[PDB]
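One structure is given here, and the rest of the page talks about it.
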Amino acid sequence: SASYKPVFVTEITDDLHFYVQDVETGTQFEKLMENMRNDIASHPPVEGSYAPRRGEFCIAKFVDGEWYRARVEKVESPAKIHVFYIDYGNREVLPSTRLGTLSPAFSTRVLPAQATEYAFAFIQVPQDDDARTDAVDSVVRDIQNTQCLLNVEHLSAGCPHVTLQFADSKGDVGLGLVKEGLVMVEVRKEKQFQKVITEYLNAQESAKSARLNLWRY
Amino acid sequence: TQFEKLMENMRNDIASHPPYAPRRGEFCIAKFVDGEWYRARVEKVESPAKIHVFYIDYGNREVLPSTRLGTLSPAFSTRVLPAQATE
């Protein structure tokens, strides 16, 4: 199975998942953000016209001083509201003074949340916090906030598992983590994955021999 | 797992007997974007090109054409193995 879609990778999570945007809708997103930000500058949220509730959409003012679409998760207190940036995938805890009403002109009905969560096919996320940080750091350095090609491999209990390809035919991103000894291979049993799993296990044997990262000792 | 075994058996059967009229609540098989077949339930019929399904074993939802749907054989019904994800 091979249908590669150009995506813009926006966020690598600490659990080695990632969020991507469909390159196709990138310009609509760009237009919406400029429109929305203009509005916000003319009509700044007044306190407290917005009351944060878990599940509720909003605008949130990010650390660059700019406003983005978001959705409220945990409300700890008015000083500590957990939000999820729906078009990008990152999360943040902010005070209610950095939140506002998401006006219907810029709603999810006008343009759907632009970020989709995925995981890497064929690999195991390291359980040790230190090892996992090393893997996340490699992915952040190499693909975060860049364009990639994505191929959906299969469904899973959580988000779908996919392979990513670097731009400029540099290859399979997850496989690269294996070759570097940063992650172990998940040995899939399905027939159509037999050849790719063989490729991954060979890379993993190479990392083991070279005693890289996870295989240091 | 029971699920992995069921999926292997079902896929075998579909490749040996390749495939339907979508109705709300009806069980089916649905071909996901990976080109593979999964157990699903029709949740909403917006139009022939836009059937809203729920993948009963994985929890994901998708709108797809009814050309990518098929009958779920009795050998792979929820009596055989319940939906593995909560609708």
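Every chain in the structure tokens takes a letter, A first, then B, and so on in the order presented; its residues are numbered from 1, and the ligands are numbered from 1 following the presented order.
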Practice task
Please report as a list in words which residues of chain B come no farther than 7 Å from chain A, using only C-alpha atoms.
Solution key: residues 33, 34, 35, 58 and 59 of chain B
Practice task
Enumerate, as a PyMOL selection string, the complete set of residues in range 104-192 of chain A that a backbone-based DSSP assignment places in alpha helix (DSSP H).
Solution key: chain A and resi 129-143+173-179
Problem - Distance in Å - CA of residue 28 in chain A versus CA of residue 111 in chain A - result: 8.0 Å
All residues 10 Å or closer to residue 208 in chain A, only C-alpha atoms, same chain fewer than 4 positions away omitted, as a PDB file with N, CA and C atoms, in the first residue's frame:
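Resulting contents of out31.pdb:
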ATOM      1  N   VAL A 178      15.425   3.799  13.766  1.00  0.00           N
ATOM      2  CA  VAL A 178      15.912   2.438  13.978  1.00  0.00           C
ATOM      3  C   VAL A 178      17.413   2.294  13.672  1.00  0.00           C
ATOM      4  N   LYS A 179      17.838   2.836  12.536  1.00  0.00           N
ATOM      5  CA  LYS A 179      19.225   2.704  12.089  1.00  0.00           C
ATOM      6  C   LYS A 179      20.177   3.373  13.071  1.00  0.00           C
ATOM      7  N   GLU A 180      19.675   4.385  13.760  1.00  0.00           N
ATOM      8  CA  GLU A 180      20.475   5.141  14.718  1.00  0.00           C
ATOM      9  C   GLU A 180      20.455   4.555  16.126  1.00  0.00           C
ATOM     10  N   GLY A 181      19.712   3.467  16.314  1.00  0.00           N
ATOM     11  CA  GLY A 181      19.567   2.843  17.628  1.00  0.00           C
ATOM     12  C   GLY A 181      18.715   3.638  18.615  1.00  0.00           C
ATOM     13  N   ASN A 202      16.623  -5.599   9.829  1.00  0.00           N
ATOM     14  CA  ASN A 202      17.995  -5.490   9.337  1.00  0.00           C
ATOM     15  C   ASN A 202      18.679  -4.202   9.797  1.00  0.00           C
ATOM     16  N   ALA A 203      17.947  -3.088   9.755  1.00  0.00           N
ATOM     17  CA  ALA A 203      18.472  -1.807  10.223  1.00  0.00           C
ATOM     18  C   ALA A 203      18.789  -1.886  11.708  1.00  0.00           C
ATOM     19  N   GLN A 204      17.934  -2.585  12.440  1.00  0.00           N
ATOM     20  CA  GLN A 204      18.093  -2.717  13.871  1.00  0.00           C
ATOM     21  C   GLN A 204      19.312  -3.570  14.212  1.00  0.00           C
ATOM     22  N   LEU A 212      24.900   1.636  18.910  1.00  0.00           N
ATOM     23  CA  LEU A 212      24.402   3.003  18.944  1.00  0.00           C
ATOM     24  C   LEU A 212      23.258   3.181  19.933  1.00  0.00           C
ATOM     25  N   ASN A 213      23.310   4.288  20.670  1.00  0.00           N
ATOM     26  CA  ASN A 213      22.207   4.741  21.533  1.00  0.00           C
ATOM     27  C   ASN A 213      21.607   3.670  22.457  1.00  0.00           C
ATOM     28  N   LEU A 214      20.416   3.151  22.146  1.00  0.00           N
ATOM     29  CA  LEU A 214      19.815   2.076  22.947  1.00  0.00           C
ATOM     30  C   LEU A 214      20.746   0.869  23.096  1.00  0.00           C
ATOM     31  N   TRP A 215      21.648   0.676  22.135  1.00  0.00           N
ATOM     32  CA  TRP A 215      22.498  -0.517  22.105  1.00  0.00           C
ATOM     33  C   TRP A 215      23.906  -0.242  22.615  1.00  0.00           C
ATOM     34  N   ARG A 216      24.088   0.933  23.212  1.00  0.00           N
ATOM     35  CA  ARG A 216      25.374   1.384  23.743  1.00  0.00           C
ATOM     36  C   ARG A 216      26.048   0.349  24.642  1.00  0.00           C
ATOM     37  N   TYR A 217      25.255  -0.317  25.476  1.00  0.00           N
ATOM     38  CA  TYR A 217      25.780  -1.273  26.453  1.00  0.00           C
ATOM     39  C   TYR A 217      25.270  -2.698  26.235  1.00  0.00           C
TER      40      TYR A 217
END
Exercise for the section: Select from range 104-134 of chain A everything DSSP, run on the backbone, classes as strand (DSSP E), then give the selection as a count of residues only. Expected result: 8
Exercise for the section: Tell me, as a PyMOL selection string, which residues lie within 9 Å of residue 47 in chain B, counting only C-alpha atoms; anything in the same chain fewer than 4 positions away does not count. Expected result: chain B and resi 51+65-66
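For residue 132 in chain A, the set of protein, DNA and RNA residues having any atom at most 8 Å away, when counting only C-alpha atoms and skipping those fewer than 6 positions along the same chain, is residues 14, 15, 16, 125 and 126 of chain A.
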Practice task
Provide the CA of residue 12 in chain A to CA of residue 173 in chain A distance in Å, to one decimal place.
Solution key: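 It comes out at 12.9 Å.
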Handout entry: Which of B:75, B:22, B:42, B:83 sits closest to residue 9 in chain B [using only C-alpha atoms]
Key = B:75
Handout entry: Among listed residues A:38, A:114, A:133, A:108, nearest residue 25 in chain A (using only C-alpha atoms)
Key =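 Distance minimum relative to residue 25 in chain A lands on A:114.
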Practice task
Quick one: everything within 12 Å of residue 14 in chain B, counting only C-alpha atoms, minus sequence neighbours fewer than 5 positions away in the same chain. Send it as a count of residues only.
Solution key: 18
Fill in the blank from the handout: CA of residue 78 in chain A to CA of residue 51 in chain A measures 9.1 Å
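Excluding residue 81 in chain B and any residue on its chain fewer than 5 positions from it, the residues at most 8 Å away by only C-alpha atoms are residues 2, 3, 6 and 76 of chain B.
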